[PDB]
Amino acid sequence: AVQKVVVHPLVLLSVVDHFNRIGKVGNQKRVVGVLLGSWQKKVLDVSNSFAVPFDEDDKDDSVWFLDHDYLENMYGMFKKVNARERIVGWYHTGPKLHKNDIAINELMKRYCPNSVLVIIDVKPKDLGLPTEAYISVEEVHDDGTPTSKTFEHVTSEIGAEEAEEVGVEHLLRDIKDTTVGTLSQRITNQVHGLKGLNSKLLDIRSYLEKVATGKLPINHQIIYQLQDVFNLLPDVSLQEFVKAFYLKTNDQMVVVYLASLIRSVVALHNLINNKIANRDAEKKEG
Amino acid sequence: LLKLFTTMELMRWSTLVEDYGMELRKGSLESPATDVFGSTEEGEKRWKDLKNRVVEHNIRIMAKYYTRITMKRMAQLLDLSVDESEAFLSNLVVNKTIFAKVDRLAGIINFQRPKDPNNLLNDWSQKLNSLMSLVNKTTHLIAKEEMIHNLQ
Amino acid sequence: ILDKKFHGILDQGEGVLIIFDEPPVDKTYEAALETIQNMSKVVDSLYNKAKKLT
Amino acid sequence: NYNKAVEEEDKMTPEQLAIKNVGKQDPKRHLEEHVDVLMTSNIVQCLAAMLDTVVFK
């Protein structure tokens, strides 16, 4: 129902300012505010949003409060001043969801029949992209339970829009543009090796959760099947790529030919002007 | 008729002789089976076209498949022998739109027809598919792990 | 095959008498054509080199 | 293409280099975008040739 999102950072800063509005007062749990959107294709876009007050006691996670009158009033405001927008969901600032969130979702899926949430983090350090998307559909179950209404993790990204970075890249000021040729590749090496194989090792920690625990949905439906998509390469010892060392030599082939020829021509670049201007400066210096 | 056309899988010519030669004696309609098979001066040319059908029934799926099989094994899975293979496959290599591969050298053939002009789609398929599935592995395996620790 | 050509090289033991080739290899060609003239440019700078010192 | 087609006009000017220091007037550099474009190009694509050993074992 949702293909992916195209989410601008402006709405994230529009979360940040209301986070500032709640960091100064008695903060019980978190922020629940409105997420407007510009839904055009099965892809999604958001240009703007606003918040709504919210409190929640924790006794039966059912005591939680919005103001639909205020919501539809400021929706009428921003709909009049901009007829492109409409509501598309909500957001929350606490990075881990909880069981009240389905009640939030289905209670605001009455205006438009879809309401995608947005996890964010006001103090992000370890995550990748803040923007996250769920959708509430049913697969019902293998055991076909009475309405196993599940959030379904839709893919996400940070969006892009022309000249919205006019403030941004002027503000941050620290950007080393076009570090191709230096150390960006090894930053990606450190982070993708370590920070992806730790995702892998926490997947195998979840496998240890399946060992000592994990009766719950032990999930022999999607786990080993997408892991069989991984297991397209069962890379055991003896390494099994006698039929790929020549292909690796073919990979080395053209680039090393370019390296040999071209860097010989690069020495040929440097030496000419270097010698000529060198002895020019040297014996015409006096 | 339709089973001879859905994925096609092989065929035996004599089982076709059974199934579609007991129809030339069994009568409900009798005139089209006469005009196509029971006739001789044109119906036997349509029997020749049926032989075209059984051999193209071979050649279509064997152009879809069979990378590194031999040749006498090929002819006995063609249900038509090696001289019949040169006849029945010369008259469809004159179709000259299917590229296949045979060698002799003692009577042994091989395959993999384009001679592999690829180091490109290896990288494409292998690395782009696997790396993007691995960046999905985070986004949905830690999602389901966080789900199974929502329900714990 | 002697006089004319279609890249039809002879093999007495294949069957197909294999015609295969790779025409675009101009990557090395145009660079070799460059180096041919670049050595001449180095030679024609050697006069300035050997003359301006002594 | 983008390298060699610019490289032949990069190497034209030593035909016209000479002596009598100010008696010639056309100083322009020629090494531009054939040091650095080739540097970034070939080093990133040889690390792309390293991707198979980095990902695969």
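Deposited coordinates in this entry are attributed by the record to cryo-EM, at a stated resolution of 4.2 Å.

As annotated in the PDB entry, chain B carries the name 26S proteasome non-ATPase regulatory subunit 12 and is attributed to Homo sapiens. According to its PDB record, this entry is titled "Nucleotide-driven Triple-state Remodeling of the AAA-ATPase Channel in the Activated Human 26S Proteasome".

Looking up chain A in the PDB entry gives the name 26S proteasome non-ATPase regulatory subunit 7, with the organism given as Homo sapiens.

**Some points on the overall build of chain A**
Summing up its helical and strand segments, chain A has seven helices and seven strands in all. For chain A, the succession of helices and strands along the chain, N to C, is β-α-β-β-β-α-β-α-β-β-α-α-α-α. Over its C-alpha atoms chain A spans a radius of gyration of 27 Å, topping by over 25% the 19 Å that the globule rule assigns to 286 residues. Along the three orthogonal principal directions, the C-alpha set of chain A runs to about 85 × 60 × 35 Å. Taking all 286 residues of chain A together, 30% fall into the buried category.

**Remarks on the overall build of chain B**
Across its full length, chain B holds six helices and zero strands. When the helices and strands of chain B are placed in sequence order, the string is α-α-α-α-α-α. Compactness check: chain B gives a C-alpha radius of gyration of 25 Å against a globular reference of 15 Å for 152 residues, more than 25% above the reference. Taken along the three principal axes of its C-alpha coordinates, chain B extends 75 × 50 × 25 Å. The 152 residues of chain B split such that 26% are buried. In chain B, the 22 positive side-chain charges and the 20 negative ones have mean positions that sit 5 Å from each other.

**Some remarks on the interface of chain B and chain A**
The partner chain A presents 26 residues to the 22 residues of chain B that form the contact. Interface area for chain B against chain A, summed over the two sides, is near 1,900 Å², with a carbon-plus-sulfur share of 62%. Considering only the side of chain B, the residues that lose the most area to chain A are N119, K137 and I148 of chain B, jointly responsible for 24% of the buried surface there. On inspection of chain B and its partner chain A, the count reaches one salt bridge. Salt-bridge contacts for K96 of chain A lead to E146 of chain B; the nearest nitrogen and oxygen are separated by 3.5 Å. At the junction of chain B with chain A, the criterion picks out five residue pairs in polar contact. Classifying every residue of the side of chain B that touches chain A gives seven nonpolar, eleven polar and four charged.

**What to know about the packing of helix α6 (residues 120–148) of chain B against helix α2 (residues 36–55) of chain D**
Two elements in contact, α6 of chain B and α2 of chain D, have axes whose closest approach is 12 Å; the angle formed by their N-to-C orientations is 55°. With respect to their mutual orientation, α6 of chain B and α2 of chain D come out oblique. For the pair α6 of chain B and α2 of chain D, the sense of crossing is left-handed. Between α6 of chain B and α2 of chain D, the residues in contact are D123, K127 and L131 of chain B and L51, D52 and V55 of chain D, respectively. Here the contact of α6 of chain B with α2 of chain D is built from residues that sort into three nonpolar, no polar and three charged.

**Overview of the environment of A83 of chain A**
Looking at where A83 of chain A falls in the secondary structure, it is placed in the loop between α2 (68–81) and β5 (86–92). Put simply, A83 of chain A and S38 of chain A are 45 residues apart on the chain and 10.0 Å apart in space, counted from C-alpha to C-alpha.

**A short note on the sheet that holds β5 of chain A**
Across the sheet, three strands lie side by side as β4-β2-β5 (chain A); this open sheet has antiparallel pairing. Of all the strands in the sheet, just β4 (50–51) and β5 of chain A have a single pairing partner and so form its edges.

**Quick word on the side chain of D101 of chain A**
All names here are of chain A. Here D101 is to be found in helix α3 (residues 101–108). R30 is the oppositely charged side chain nearest to the buried, salt-bridge-free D101, at an N-O distance of 5.2 Å. At a separation of 2.7 Å, a polar atom in the side chain of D101 contacts the main-chain amide nitrogen of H98. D101 has contacts with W90 and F151, leaving out every residue within four places of it along the chain.

**Description of the side chain of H34 of chain D**
Topologically, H34 of chain D is positioned in the loop between α1 (4–10) and α2. Given the relative accessible area of 1%, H34 of chain D is considered buried. A polar contact of 3.0 Å, which involves the side chain of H34 of chain D, links it to the side chain of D10 of chain D. Dropping the residues within four chain positions of it, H34 of chain D is found in contact with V266 and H269 of chain A together with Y2, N3, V6, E7 and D10 of chain D.

**Digging into the packing of aromatic side chains**
According to the stated counting rule, one finds six aromatic pairs over all chains in the structure shown. Considering the side-chain rings of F245 of chain A and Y246 of chain A, the 6.3 Å spacing of their centres and the 85° angle between planes classify their relative orientation as edge-to-face. Of the residues examined, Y246 of chain A reaches a relative accessible area of 46% and is grouped as partly exposed. Sitting over the ring of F230 of chain A, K200 of chain A keeps its end group 4.4 Å from the ring centre. Over the ring of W13 of chain B we find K51 of chain B, and its NZ or CZ is 3.5 Å from the ring centre.

**A closer look at a nonpolar patch on the surface**
Taken together, the side chains of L120, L121, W124, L128, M132 and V135 of chain B define a hydrophobic patch exposed on the protein surface, amounting to about 640 Å² of accessible area. Of note, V135 of chain B is situated in helix α6.

**Observations concerning the UniProt feature "domain: MPN" in chain A**
UniProt records the feature "domain: MPN" for residues 5–140 of chain A in the present numbering. Along residues 5–140 of chain A the backbone is 27% helical and 19% strand, and the end-to-end C-alpha distance reaches 25 Å.

**Side note on helix α7 (residues 245–283) of chain A**
Owing to its 3.6 residues per turn, the α-helix brings residues three or four apart onto one side. Taking 1.5 Å as the rise per residue, α7 of chain A with 39 residues should run 57 Å; its terminal C-alpha atoms sit 54 Å apart, in good agreement. Remark: the principal bend of α7 of chain A, roughly 25°, maps to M253 of chain A. Contacts made by the buried residues of α7 of chain A are with α6 of chain B, α1 (26–53) of chain C together with α1 and α2 of chain D.

**Examining the environment of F6 of chain C**
Residue and element names in this part refer to chain C. Take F6: it is sitting in the segment before α1. Distance in space between the C-alpha atoms of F6 and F20 is 9.9 Å, their sequence separation being 14 residues. Dropping the residues within four chain positions of it, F6 is found in contact with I1 and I19.

Quick notes on the rules
- Residues numbered from 1 in each chain as written, not as in the entry; some residues may be left out.
- Chains lettered and ligands numbered in written order.
- Part of a larger assembly, values for the part shown.
- Heavy atoms only, no water.
- Helix = DSSP H or I, 4+ residues; strand = E, 2+ residues; numbered from the N terminus.
- Rg over C-alpha atoms; globule rule 2.2 N^0.38 Å.
- Buried < 20%, exposed > 50% of the residue type's maximum accessible area, 1.4 Å probe, protein only.
- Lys, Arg positive; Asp, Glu negative; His and termini not counted.
- Charge placed at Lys NZ, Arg CZ, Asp CG, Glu CD.
- Contact = heavy atoms within 4.5 Å.
- Buried area = accessible area lost by both parts, 1.4 Å probe.
- Salt bridge = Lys/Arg side-chain N within 4 Å of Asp/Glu carboxyl O.
- Polar contact = N/O pair within 3.5 Å; in protein donor to acceptor, adjacent residues only side chain to side chain.
- Nonpolar A, V, L, I, M, F, W, Y, C, P; charged D, E, K, R; others polar.
- Axes fitted to C-alpha atoms, helices over the stretch in contact; angles between N-to-C directions.
- Parallel < 35°, antiparallel > 145°, perpendicular 65-115°, else oblique.
- Left-handed = near helix turned anticlockwise from the far one by under 90°.
- Pairing = 2+ DSSP bridges.
- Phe/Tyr/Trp six-rings, centres within 6.5 Å; stacked < 30°, edge-to-face > 60°.
- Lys NZ or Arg CZ within 6 Å of the ring centre and 35° of its normal.
- Patch = residues over 30% accessible without salt bridge, like charges linked within 9 Å, V, L, I, M, F, W, Y side chains within 5 Å.
- Areas by Shrake-Rupley, 256 points an atom, 1.4 Å probe, with all protein chains shown as cover.
- UniProt positions renumbered as here; feature names shortened; annotations may be inferred.
- Expected span 1.5 Å × (residues − 1).
- Bend = angle between axes of the 7 residues up to and from the residue.

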